[PDB]
>>> print(open('query27.cif').read())   # mmCIF, C-alpha atoms and all ligand atoms
data_my_file
loop_
_atom_site.label_atom_id
_atom_site.label_comp_id
_atom_site.auth_asym_id
_atom_site.auth_seq_id
_atom_site.Cartn_x
_atom_site.Cartn_y
_atom_site.Cartn_z
CA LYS A 370 52.67 96.78 66.27
CA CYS A 371 52.73 96.13 70.05
CA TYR A 372 56.12 96.29 71.78
CA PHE A 373 56.44 93.62 74.43
CA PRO A 374 57.50 95.35 77.66
CA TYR A 375 60.31 94.76 80.07
CA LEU A 376 58.83 92.72 82.93
CA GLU A 377 60.01 93.39 86.45
CA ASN A 378 60.05 89.97 88.23
CA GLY A 379 59.10 88.13 85.07
CA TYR A 380 60.74 85.97 82.44
CA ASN A 381 62.00 88.48 79.88
CA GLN A 382 62.70 86.46 76.73
CA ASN A 383 60.32 88.65 74.69
CA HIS A 384 61.45 92.08 75.93
CA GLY A 385 61.85 94.58 73.10
CA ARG A 386 60.25 92.38 70.44
CA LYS A 387 57.33 93.88 68.54
CA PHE A 388 54.34 91.95 67.25
CA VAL A 389 51.50 92.48 64.78
CA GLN A 390 47.86 92.89 65.76
CA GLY A 391 46.29 89.60 66.82
CA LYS A 392 49.50 87.92 68.01
CA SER A 393 49.33 86.06 71.31
CA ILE A 394 52.28 85.71 73.70
CA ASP A 395 52.77 83.58 76.83
CA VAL A 396 53.74 85.55 79.94
CA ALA A 397 55.44 83.91 82.93
CA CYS A 398 56.30 85.60 86.23
CA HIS A 399 58.75 84.54 88.93
CA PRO A 400 57.40 82.76 92.04
CA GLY A 401 55.61 85.15 94.35
CA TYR A 402 54.44 87.20 91.34
CA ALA A 403 51.79 86.74 88.65
CA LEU A 404 49.65 88.48 86.11
CA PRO A 405 46.43 89.73 87.70
CA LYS A 406 43.55 87.23 87.78
CA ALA A 407 45.91 84.29 87.04
CA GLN A 408 46.15 85.08 83.31
CA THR A 409 49.03 83.56 81.35
CA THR A 410 48.59 84.89 77.79
CA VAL A 411 48.20 88.36 76.30
CA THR A 412 47.10 89.43 72.84
CA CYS A 413 48.11 92.47 70.80
CA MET A 414 44.92 94.47 70.25
CA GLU A 415 43.93 97.89 68.95
CA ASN A 416 45.06 99.76 72.11
CA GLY A 417 48.03 97.58 73.09
CA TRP A 418 48.30 94.30 74.96
CA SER A 419 45.11 92.77 76.37
CA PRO A 420 45.28 92.15 79.27
CA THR A 421 48.23 94.32 80.31
CA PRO A 422 51.31 92.17 81.06
CA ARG A 423 52.77 92.99 84.48
CA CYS A 424 53.97 90.81 87.37
CA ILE A 425 52.20 91.92 90.54
CA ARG A 426 52.82 90.47 93.97
CA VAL A 427 50.39 87.66 94.79
CA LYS A 428 49.59 86.25 98.24
CA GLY B 22 66.32 89.14 134.16
CA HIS B 23 64.74 92.57 134.12
CA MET B 24 66.82 93.72 131.14
CA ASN B 25 66.00 90.57 129.13
CA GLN B 26 62.28 91.25 129.57
CA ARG B 27 62.70 94.86 128.47
CA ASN B 28 64.67 93.67 125.43
CA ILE B 29 61.86 91.28 124.52
CA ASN B 30 59.35 94.09 125.07
CA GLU B 31 61.29 96.41 122.74
CA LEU B 32 61.33 93.71 120.05
CA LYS B 33 57.60 92.93 120.33
CA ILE B 34 56.71 96.63 120.10
CA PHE B 35 58.80 97.05 116.94
CA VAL B 36 57.36 93.92 115.34
CA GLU B 37 53.77 94.96 116.06
CA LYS B 38 54.33 98.53 114.87
CA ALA B 39 55.94 97.28 111.63
CA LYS B 40 53.65 94.32 110.95
CA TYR B 41 52.15 95.91 107.80
CA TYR B 42 55.59 96.54 106.28
CA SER B 43 55.38 93.81 103.63
CA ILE B 44 51.72 94.46 102.77
CA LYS B 45 52.41 98.17 102.33
CA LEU B 46 55.58 97.80 100.27
CA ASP B 47 53.78 95.26 98.06
CA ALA B 48 51.04 97.87 97.61
CA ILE B 49 53.53 100.47 96.35
CA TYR B 50 55.08 97.81 94.10
CA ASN B 51 51.76 96.81 92.55
CA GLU B 52 50.71 100.38 91.78
CA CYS B 53 54.08 101.19 90.24
CA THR B 54 55.22 98.04 88.41
CA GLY B 55 53.47 98.82 85.11
CA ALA B 56 54.96 102.32 85.19
CA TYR B 57 58.42 100.98 86.02
CA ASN B 58 58.15 98.51 83.13
CA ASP B 59 57.13 101.21 80.64
CA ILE B 60 60.13 103.37 81.59
CA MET B 61 62.56 100.45 81.38
CA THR B 62 61.14 99.50 77.96
CA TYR B 63 61.66 103.04 76.64
CA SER B 64 65.14 103.37 78.15
CA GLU B 65 66.48 99.95 77.10
CA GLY B 66 65.04 99.67 73.60
CA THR B 67 63.49 101.36 70.56
CA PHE B 68 59.99 101.82 72.06
CA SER B 69 59.35 105.54 71.59
CA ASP B 70 55.85 106.46 72.86
CA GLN B 71 56.66 109.37 75.13
CA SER B 72 53.04 109.76 76.18
CA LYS B 73 53.27 106.35 77.86
CA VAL B 74 56.49 107.34 79.61
CA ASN B 75 54.92 110.61 80.73
CA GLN B 76 51.96 108.66 82.17
CA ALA B 77 54.44 106.38 83.94
CA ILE B 78 56.35 109.26 85.54
CA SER B 79 52.93 110.57 86.57
CA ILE B 80 52.32 107.40 88.60
CA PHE B 81 55.55 107.99 90.56
CA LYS B 82 54.99 111.76 90.93
CA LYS B 83 51.32 112.74 91.06
CA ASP B 84 50.06 114.36 94.29
CA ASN B 85 53.21 113.05 96.05
CA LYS B 86 51.16 109.87 96.58
CA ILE B 87 54.00 107.37 96.18
CA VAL B 88 56.55 109.58 97.97
CA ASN B 89 54.15 109.82 100.90
CA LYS B 90 53.67 106.04 100.97
CA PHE B 91 57.44 105.75 101.38
CA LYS B 92 57.46 108.46 104.08
CA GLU B 93 54.78 106.47 105.91
CA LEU B 94 57.08 103.44 105.98
CA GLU B 95 59.92 105.66 107.23
CA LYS B 96 57.76 106.88 110.12
CA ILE B 97 57.08 103.31 111.24
CA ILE B 98 60.77 102.78 112.05
CA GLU B 99 61.33 106.38 113.19
CA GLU B 100 63.07 105.30 116.41
CA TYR B 101 65.71 103.38 114.42
CA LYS B 102 65.59 105.03 111.00
CA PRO B 103 68.87 104.68 109.08
CA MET B 104 70.49 107.69 107.46
CA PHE B 105 70.62 105.80 104.15
CA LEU B 106 66.79 105.64 104.05
CA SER B 107 66.25 109.39 104.48
CA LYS B 108 68.94 110.05 101.85
CA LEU B 109 67.33 107.71 99.31
CA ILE B 110 63.85 109.16 99.81
CA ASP B 111 65.34 112.60 99.09
CA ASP B 112 67.18 111.40 95.98
CA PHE B 113 63.91 109.93 94.67
CA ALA B 114 62.18 113.26 95.34
CA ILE B 115 64.95 115.21 93.57
CA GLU B 116 64.74 113.02 90.47
CA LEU B 117 60.96 113.52 90.49
CA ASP B 118 61.44 117.30 90.70
CA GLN B 119 63.67 117.19 87.61
CA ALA B 120 60.86 115.62 85.55
CA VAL B 121 58.75 118.36 83.92
CA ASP B 122 55.51 117.39 82.21
CA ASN B 123 56.09 116.17 78.63
CA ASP B 124 59.85 115.88 79.31
CA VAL B 125 60.88 112.24 79.74
CA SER B 126 64.66 112.85 79.72
CA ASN B 127 64.86 111.98 83.43
CA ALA B 128 62.65 108.89 83.24
CA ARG B 129 65.33 106.24 83.82
CA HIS B 130 66.69 108.22 86.79
CA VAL B 131 63.22 108.19 88.36
CA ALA B 132 62.88 104.44 87.83
CA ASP B 133 66.38 103.71 89.17
CA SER B 134 65.88 105.95 92.21
CA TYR B 135 62.56 104.26 92.96
CA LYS B 136 64.12 100.79 92.74
CA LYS B 137 67.03 101.66 95.06
CA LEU B 138 64.61 103.22 97.55
CA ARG B 139 62.29 100.18 97.44
CA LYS B 140 65.18 97.86 98.33
CA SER B 141 66.42 100.23 101.05
CA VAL B 142 62.99 100.08 102.70
CA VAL B 143 63.54 96.36 103.24
CA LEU B 144 67.12 96.94 104.42
CA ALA B 145 65.79 99.52 106.91
CA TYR B 146 63.50 96.93 108.49
CA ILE B 147 66.50 94.61 108.83
CA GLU B 148 68.62 97.43 110.26
CA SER B 149 65.92 98.23 112.84
CA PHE B 150 65.84 94.60 113.92
CA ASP B 151 69.65 94.66 114.03
CA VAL B 152 69.62 97.70 116.35
CA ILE B 153 67.13 96.10 118.74
CA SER B 154 68.59 92.59 118.83
CA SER B 155 72.11 94.01 119.33
CA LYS B 156 70.99 95.39 122.71
CA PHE B 157 70.17 91.91 124.07
CA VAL B 158 72.39 90.56 126.85
CA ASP B 159 72.19 86.89 125.85
CA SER B 160 75.23 86.19 123.67
CA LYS B 161 73.64 83.18 121.95
CA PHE B 162 70.68 85.29 120.82
CA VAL B 163 72.95 88.21 119.86
CA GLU B 164 75.10 85.93 117.71
CA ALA B 165 72.10 84.23 116.11
CA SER B 166 70.50 87.62 115.37
CA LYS B 167 73.65 88.77 113.57
CA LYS B 168 73.63 85.69 111.34
CA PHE B 169 69.92 86.17 110.68
CA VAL B 170 70.60 89.80 109.69
CA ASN B 171 73.38 88.84 107.29
CA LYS B 172 71.40 86.04 105.62
CA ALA B 173 68.41 88.39 105.34
CA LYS B 174 70.49 91.05 103.59
CA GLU B 175 71.78 88.49 101.08
CA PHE B 176 68.15 87.47 100.42
CA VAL B 177 67.20 91.14 99.82
CA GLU B 178 69.90 91.46 97.17
CA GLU B 179 68.31 88.52 95.36
CA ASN B 180 64.70 89.76 95.56
CA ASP B 181 63.72 92.60 97.86
CA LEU B 182 59.96 92.05 98.22
CA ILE B 183 60.04 88.26 98.63
CA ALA B 184 62.80 88.62 101.23
CA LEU B 185 60.72 91.20 103.10
CA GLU B 186 57.66 88.93 103.12
CA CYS B 187 59.75 86.08 104.53
CA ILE B 188 61.46 88.29 107.13
CA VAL B 189 58.23 89.89 108.36
CA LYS B 190 56.47 86.53 108.55
CA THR B 191 59.34 84.73 110.32
CA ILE B 192 59.98 87.35 113.02
CA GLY B 193 56.22 87.81 113.46
CA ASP B 194 55.78 84.08 114.05
CA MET B 195 58.72 84.01 116.49
CA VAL B 196 57.54 86.82 118.78
CA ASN B 197 53.94 85.56 118.69
CA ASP B 198 55.10 82.08 119.84
CA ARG B 199 54.15 80.40 116.55
CA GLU B 200 56.44 77.68 115.22
CA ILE B 201 58.61 79.07 112.43
CA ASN B 202 57.88 77.56 109.01
CA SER B 203 61.30 76.29 107.96
CA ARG B 204 60.50 75.09 104.45
CA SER B 205 60.93 77.15 101.29
CA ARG B 206 57.61 78.71 100.31
CA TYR B 207 58.84 80.00 96.90
CA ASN B 208 59.86 76.79 95.09
CA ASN B 209 63.54 77.16 96.08
CA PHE B 210 63.54 79.55 93.11
CA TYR B 211 65.24 82.13 95.34
CA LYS B 212 68.57 80.51 96.25
CA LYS B 213 69.01 82.64 99.37
CA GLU B 214 65.72 81.54 100.98
CA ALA B 215 67.15 78.27 102.35
CA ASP B 216 70.05 79.83 104.25
CA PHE B 217 67.77 82.57 105.57
CA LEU B 218 65.34 80.00 106.97
CA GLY B 219 68.16 77.96 108.50
CA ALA B 220 69.38 81.06 110.33
CA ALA B 221 65.75 81.71 111.34
CA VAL B 222 65.49 78.28 112.95
CA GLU B 223 68.65 78.91 114.97
CA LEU B 224 67.39 82.33 116.03
CA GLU B 225 64.13 80.68 117.10
CA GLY B 226 65.99 78.23 119.31
CA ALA B 227 67.94 81.06 120.92
CA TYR B 228 64.80 83.17 121.42
CA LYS B 229 62.98 80.31 123.18
CA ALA B 230 65.92 79.71 125.53
CA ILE B 231 65.54 83.35 126.63
CA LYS B 232 61.73 83.30 126.78
CA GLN B 233 61.91 80.28 129.11
MG MG C 501 68.30 113.15 86.95
#
>>> encode(input="query27.cif", output="structure tokens", more="lines below")
Ligand SMILES: [Mg+2]
Amino acid sequence: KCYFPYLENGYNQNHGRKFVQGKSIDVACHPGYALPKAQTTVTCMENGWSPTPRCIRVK
Amino acid sequence: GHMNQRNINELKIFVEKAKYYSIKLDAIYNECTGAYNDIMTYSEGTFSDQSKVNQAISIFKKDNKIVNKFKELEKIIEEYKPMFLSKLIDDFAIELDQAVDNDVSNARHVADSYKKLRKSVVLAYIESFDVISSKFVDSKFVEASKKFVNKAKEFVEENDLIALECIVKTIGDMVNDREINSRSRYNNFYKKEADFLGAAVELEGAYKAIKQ
């Protein structure tokens, strides 16, 4: 199972939940932040979440 | 007269020297946010993969890279540096020293120390502007600067990096004779943005009355 991480500057409704392989999750960041490359969903895969959820500063 | 020009000169020099402050603090934030998240996940919940937490401490510690990025920001405001900034850099460094490889017992302390230091970087920019604007003779500008400082600090407590971006942009526009953008650029999601920008408009009016 993949543990959904705490998200600095994100919406944290899924923090600490764990999910089976293949599960998708919506990720939302606060204004001024975003997942890289505008992505909004992550999927639990063999090596963890793909892509990696994290709320980076965006211009 | 002569002193007002020298005050304006001192401000413009500070603003130019510190113009990368938001870009550089955002750069630290982006490199570290995944690591910060992994530590918080481990410390707040049942997630137990210590190898991830060790890799996260490594981001904050390795080659003193992140410490040196903070020291670089300290050097930019050297002439005005607050004692609380030097103290919080040292506390970060001490918590990093306590972390030995494969020991994650100090992980939350490292994350907490980093977060306090990151906010204090923004506060140190504000404090530097406070020091400079306090030396102005014009009472209207002095008063408007003090209100700008206090609204800025309340913004920082809500979100440090967004506040810094707004502060750096607003003061940069003002001293480069660009009209201040007085509308919320972050959806009014940050409740303190509106009162900051109102104080920025009043500071702009006071600055232009001097500049004339
Ligand atoms: Mg400790």
>>> atom_distance(input="query27.cif", atom1="atom CA of residue 222 of chain B", atom2="atom CA of residue 145 of chain B")
22.1 Å
>>> closest_atom_pairs(input="query27.cif", of="chain A", to="chain B", cutoff="9 Å", atoms="all atoms listed in the file", output="Markdown table")
| residue | atom | partner | partner_atom | distance |
| --- | --- | --- | --- | --- |
| A:372 | CA | B:68 | CA | 6.8 |
| A:373 | CA | B:62 | CA | 8.3 |
| A:374 | CA | B:62 | CA | 5.5 |
| A:375 | CA | B:62 | CA | 5.3 |
| A:376 | CA | B:58 | CA | 5.8 |
| A:377 | CA | B:58 | CA | 6.4 |
| A:378 | CA | B:180 | CA | 8.7 |
| A:384 | CA | B:62 | CA | 7.7 |
| A:385 | CA | B:66 | CA | 6.0 |
| A:399 | CA | B:210 | CA | 8.1 |
| A:400 | CA | B:207 | CA | 5.8 |
| A:401 | CA | B:207 | CA | 6.6 |
| A:421 | CA | B:55 | CA | 8.4 |
| A:422 | CA | B:55 | CA | 8.1 |
| A:423 | CA | B:55 | CA | 5.9 |
| A:424 | CA | B:54 | CA | 7.4 |
| A:425 | CA | B:51 | CA | 5.3 |
| A:426 | CA | B:47 | CA | 6.4 |
| A:427 | CA | B:47 | CA | 8.9 |
>>> closest_residue(input="query27.cif", among="B:144, B:218, B:32, B:121", to="ligand MG 501 (chain C)", atoms="all atoms listed in the file")
B:121
>>> residues_near_ligand(input="query27.cif", ligand="ligand MG 501 (chain C)", cutoff="6 Å", atoms="only C-alpha atoms and all ligand atoms", output="PyMOL selection string")
chain B and resi 116+127+130
>>> atom_distance(input="query27.cif", atom1="atom CA of residue 153 of chain B", atom2="atom CA of residue 98 of chain B")
11.4 Å
>>> residues_around(input="query27.cif", residues="residue 392 of chain A", least_positions_apart="3", cutoff="12 Å", atoms="all atoms listed in the file", output="NGL selection string")
:A and (370-373 or 386-389 or 395 or 410-415 or 417-419)
>>> atom_distance(input="query27.cif", atom1="atom CA of residue 90 of chain B", atom2="atom CA of residue 46 of chain B")
8.5 Å
>>> residues_around(input="query27.cif", residues="segment 78-85 of chain B", least_positions_apart="3", cutoff="7 Å", atoms="all atoms listed in the file", output="list in words")
residues 53, 56, 74, 75, 88, 89, 117 and 128 of chain B
>>> closest_residue(input="query27.cif", among="B:176, B:198, B:131, B:34", to="residue 118 of chain B", atoms="only C-alpha atoms")
B:131
>>> closest_residue(input="query27.cif", among="B:91, B:135, B:100, B:25", to="residue 115 of chain B", atoms="only C-alpha atoms")
B:135
>>> closest_residue(input="query27.cif", among="B:214, B:133, B:175, B:159", to="residue 22 of chain B", atoms="only C-alpha atoms")
B:159
>>> closest_residue(input="query27.cif", among="B:161, B:213, B:168, B:229", to="residue 201 of chain B", atoms="all atoms listed in the file")
B:229
